[PDB]
Amino acid sequence: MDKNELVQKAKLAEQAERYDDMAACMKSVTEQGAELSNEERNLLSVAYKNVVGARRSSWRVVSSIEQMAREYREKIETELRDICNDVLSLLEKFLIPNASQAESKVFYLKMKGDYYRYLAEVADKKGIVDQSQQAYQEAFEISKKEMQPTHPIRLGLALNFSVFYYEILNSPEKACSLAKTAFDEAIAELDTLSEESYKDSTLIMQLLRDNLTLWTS
Amino acid sequence: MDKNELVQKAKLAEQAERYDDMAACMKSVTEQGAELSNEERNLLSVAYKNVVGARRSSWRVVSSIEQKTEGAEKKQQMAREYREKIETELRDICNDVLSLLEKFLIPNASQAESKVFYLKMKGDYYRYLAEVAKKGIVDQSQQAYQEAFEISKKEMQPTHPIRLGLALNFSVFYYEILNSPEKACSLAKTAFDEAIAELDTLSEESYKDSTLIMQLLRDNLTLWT
Amino acid sequence: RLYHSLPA
Amino acid sequence: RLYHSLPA
């Protein structure tokens, strides 16, 4: 279909909770090579998050049950792995290279972080983790630089990078310092929040806080 | 593979919430030709209800966007086409089930409980086709249900969950498919009233199933009245 | 749909 | 996992 049509179909897929369709549409818009709009970036991300999410949740179930169980877990793991490699390849070939605006660079580097992190969950492992850490750290640097503590993308990033430290690097204290600094800095500057971003920024500040409560209790 | 293996895989799929996988395991099991056990029958049923269910829910969403985009050329055309793509997958699922029923399940059902379960299922899947068709699919749904209804009235007590569940779906068929709320309410009321008249027949095994269905029956009656 | 048929 | 990352 055409870009506009694909975007429109991704939105309908989204409403119909047909995330594999949604992702196919957004992968197609991404493959034409024009830079993604903010709306298109969010559609891409929501689609793949749900597509990969189904597989992570299934994998968790079956890995926890686990030879039949192992083969199934292996099966779910390969789909999971292909979806991440898909996203990582789009990011490497189109999105990161073509970003240019800092918000998008942060967004896509955060996403590379995430998808290597999902690969790390089922993982070769040391390189995946390093790839994850590398992406998040560069996203995190640009975000501190170009971004202000209440920006939802920066808060989002702190949130997942804190999870990465906690879950993948098995470092609760770094996860907590990251979350707490992120939260503290945002709440110190709430007057910097726009009408557009306040609900997203406060929801994400609460997620940081819920995490910190769990990790320090 | 061996049926126990395919059943094991279906159950793993079920816990993974991988219903298309679960249904493919149960479809292979059914195509082995031996009458399904209670456990096997239920897995097949869950699997397919979840597979067709996802497409009915997407269909309703896209169908409702198609209606709401009247006066919006492009949006409506996109909605319509996506609705038609969903509708085909939905009919393919229903058609797969209906051919499993006709070829395997109904023909091997050895006891009245099983025959009623499968004829109900046949009414259900024709009724899911009717939801996106209304055409002579309606008659297939009705006849399946009617025949199931007749057998359960003779072979099962009023509180048997299969019989109640059949009453529930046949009342929904009348309400929604035949647009006959008075017939739907009478069917549901009768089934509900006959079951609460015999609450001492609720068994340990079926208690929760039967009472949940009685409440769905009464909740429907509440809404339809 | 407000009314229900038999859940899976 | 009781801790959460960014929801979609």
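Chain B is numbered as in Swiss-Prot; shown residues: 1-133, 138-229, in order.
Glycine is treated like the rest: Cβ placed from N, Cα and C.
Quick look at what Swiss-Prot annotates:
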MOD_RES   B:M1  N-acetylmethionine
MOD_RES   B:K3  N6-acetyllysine
SITE      B:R56  site 'Interaction with phosphoserine on interacting protein'
MOD_RES   B:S58  phosphoserine
MOD_RES   B:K68  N6-acetyllysine
SITE      B:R127  site 'Interaction with phosphoserine on interacting protein'
MOD_RES   B:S184  phosphoserine
MOD_RES   B:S207  phosphoserine
MOD_RES   B:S210  phosphoserine
Cβ-based isolation winner (fewest other Cβ atoms within 10 Å) among the recorded positions B:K3, B:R56, B:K68, B:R127: B:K68
Where B:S184 (phosphoserine) sits in the secondary structure, as DSSP reduces it to three classes: coil
Site with most surrounding Cβ atoms, counting all protein chains shown within 10 Å, from the modified residues B:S58, B:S207, B:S210: B:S58
Candidate recorded positions B:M1, B:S58, B:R127, B:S184, pick with smallest Cα gap to B:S207 (phosphoserine): B:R127
Anchor-to-anchor distance, in angstrom and between Cα atoms, for B:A133 and B:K138 with 4 residues unmodelled between: 5
Modified residues among B:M1, B:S58, B:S207 whose Cβ lies under 8 Å from any chain C Cβ: none
Sites among the modified residues B:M1, B:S58, B:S210 close to chain A [C-beta, under 8 Å]: B:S58
Chain-internal residues, separated by at least six, CB under 8 A from B:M1 (N-acetylmethionine): B:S28
